[PDB]
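Accompanying notes for the structure given below.
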Ligand SMILES: CC(=O)N[C@H]1[C@@H](OP(=O)(O)OP(=O)(O)OC/C=C(/C)CC/C=C(/C)CC/C=C(/C)CC/C=C(/C)CC/C=C(/C)CC/C=C(/C)CC/C=C(/C)CCC=C(C)C)O[C@H](CO)[C@@H](O)[C@@H]1O
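In the entry's author numbering, the protein residues as written are 81 to 327.
Written out as structure tokens, the structure is:
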């Protein structure tokens, strides 16, 4: 009695090949009315069926959401039903259409390196370009680990700012905006049902999990992939199973 979605932030390399640099899984439980989200770090060193051990986000470049799903299932027991892929322009335009007033974000610190915008610490309303910049920043010692934290902060803010009667009343519009800028195989009745159930009768606390979990991984230098995360898959499989079954 649940729905699960593989949510991908994607972009183009200079050579034009597509890449995913943010991997999340969202599950909504229709019975218990509980929503959960997990971030899967893109640098996890994973067995990609057919291709050997590589950074897990290479599965998407090779075989799209289907191969990334199979790779998540084999390596982490994560097997989402649906997918939703968004690129830079889609993300920016989606935010600006959903929230023209801007998204209220407690910006962790001043940041501007490599994100094409200049953000100031503290509570600010960010447009699509700025919120994307906030989700992309990584040029500090925390690297991808701090980016995952800030991406989860963005998702929690979008949650708090969009689940309300003013938006659930506007679910048809919201859904049309999403399908125009998000590449997804969810049936549109499913966007409606999830929004209706969660927006009216869902628990407001959305619990989150970051994979790999603390003290289960190290950074290793790889032959052709470079900097990657070598993780204890079995320890992470058990944490994921524990996280997803009991609120
Ligand atoms: C910034 C930097 O330092 N860059 C340097 C660095 O490169 P890099 O690390 O790879 O980053 P890039 O620049 O390549 O950008 C790519 C980086 C990233 C993080 C890709 C980001 C792409 C995006 C589209 C942003 C993703 C944003 C977030 C918040 C993560 C979550 C993803 C998405 C798509 C959020 C989606 C939200 C929605 C409302 C749409 C959902 C649509 C649906 C149909 C599903 C709806 C149902 C649900 C249940 C949703 C969940 C529920 C709620 C309430 C939110 O290193 C190089 C060499 O060293 C340097 O050249 C370079 O300068």
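For every residue, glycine included, the Cβ atom is placed at its ideal position computed from N, Cα and C.
Using 8 angstroms as the threshold, is the C-beta distance between residue 125 and residue 308 below it?
In the chain shown, the residue the question calls residue 125 occupies position 45. In the chain shown, the residue the question calls residue 308 occupies position 228. Contact: yes.
Should residue 232 go down as buried or exposed, given a rule of 16 or more other Cβ atoms within 10 Å for buried?
Translated into the one-based positions of the chain shown, residue 232 becomes position 152. Classification of residue 232: buried, given that the 10 Å Cβ count is 16 or more.
Could you give the DSSP three-state label for residue 175: helix, strand or coil?
The residue given as residue 175 occupies position 95 in the chain shown. Note: residue 175 maps to helix in three-state DSSP.
What three-state label does DSSP hand residue 315 in the structure shown?
Translated into positions along the chain shown, residue 315 becomes position 235. Three-state DSSP puts residue 315 in a helix.
In the DSSP assignment, what residue or residues form a beta bridge with residue 124?
Residue mapping note: residue 124 aligns to position 44 of the chain shown, counting from 1. Per DSSP, 309.
So for residue 116, helix, strand or coil by DSSP?
Translated into the one-based positions of the chain shown, residue 116 becomes position 36. Here residue 116 sits in strand by DSSP.
According to DSSP, residues forming a beta bridge with residue 107
Reading the chain shown from its first residue, position 27 is the one you call residue 107. Residue 107 pairs with 84 and 116.
Strictly by DSSP, which residues pair up with residue 276?
What you label residue 276 is simply residue 196 of the chain shown in a count that begins at 1. The partner list for residue 276 (beta bridge, DSSP) is empty, contrary to what the question assumes.
Closer than 7 angstroms: is that where the CB of residue 152 sits relative to any heavy atom of ligand 1?
For the purposes of this step, residue 152 is identified with residue 72 of the chain shown, where counting begins at 1. Not under cutoff, so the answer is no.
Cβ of residue 187 within 8 angstroms of Cβ of residue 199?
Translated into the one-based positions of the chain shown, residue 187 becomes position 107. Translated into the one-based positions of the chain shown, residue 199 becomes position 119. In this structure, residue 199 lies closer than 8 angstroms to residue 187 by Cβ.
Thinking C-alpha only, which one of 161, 219 and 97 is nearest residue 107?
Counted from its first residue, the chain shown places residue 107 at position 27. Checking every option, the nearest Cα to that of residue 107 belongs to 161.
Under a Cβ-count criterion, where at least 16 other Cβ atoms within 10 Å of its own Cβ denotes burial, should residue 142 be classed as buried or exposed?
Indexing the chain shown from 1 puts residue 142 at position 62. It counts as exposed.
Neighbourhood of residue 242 by C-beta distance below 6 angstroms, restricted to the same chain and skipping five residues each side:
In the chain shown, residue 242 corresponds to position 162, counting from 1. Closer than 6 angstroms at Cβ, skipping near neighbours: no residue.
For residue 93, count the other beta carbons within 10 Å of its own beta carbon; 16 or more makes it buried, fewer makes it exposed. Which is it?
For the purposes of this step, residue 93 is taken as residue 13 along the chain shown, with counting starting at 1. Burial check for residue 93: the Cβ neighbour count within 10 Å stays below 16, so the residue is exposed.
Spatial neighbours of residue 159 within its chain, please: CB distance less than 6 angstroms, with the 5 preceding and 5 following residues excluded, ordered by chain position.
For the purposes of this step, residue 159 is taken as residue 79 along the chain shown, with counting starting at 1. Cβ within range, chain order: 153.
What's the C-alpha gap between residue 120 and residue 204?
Start at 1 with the first residue of the chain shown, and residue 120 comes out as number 40. Start at 1 with the first residue of the chain shown, and residue 204 comes out as number 124. Approximately 28 angstroms, taken between the alpha carbons.
Flag residue 225 as yes when its Cβ comes closer than 7 angstroms to any non-hydrogen atom of ligand 1, and as no otherwise.
Residue numbering aside, residue 225 sits at position 145 when the chain shown is read from its first letter. Closer than 7 angstroms to some heavy atom of ligand 1: that does not describe the Cβ of residue 225.
Say the cut is 7 angstroms; is the CB of residue 219 nearer than that to a heavy atom of ligand 1?
One-based indexing of the chain shown puts residue 219 at position 139. True, at least one ligand heavy atom lies under 7 angstroms from that Cβ.
Local conformation of residue 162 per DSSP, three classes
Along the chain shown, one-based indexing puts residue 162 at 82. Reduced to three states, the DSSP call for residue 162 is strand.
Short check: CB of residue 123 to CB of residue 224, under 8 angstroms?
In the chain shown, the residue the question calls residue 123 occupies position 43. In the chain shown, the residue the question calls residue 224 occupies position 144. The Cβ-Cβ distance between residue 123 and residue 224 falls below 8 angstroms.
In terms of residue numbering, what span does the alpha helix (DSSP H) encompassing residue 195 cover?
Within the chain shown, numbered from 1, the residue matching residue 195 stands at position 115. That residue, residue 195, is in no alpha helix (DSSP H); it is neither H nor E in DSSP.
In three-state terms, what does DSSP make of residue 220?
Looking up residue 220 in the chain shown gives position 140. Three-state result, residue 220: coil.
Would you decide whether residue 84 is buried or exposed? Buried here means 16 or more other CB atoms lie within 10 Å of its CB.
On the chain shown, position 4 is the one that residue 84 refers to. Its Cβ being crowded by 16 or more others within 10 Å, residue 84 is buried.
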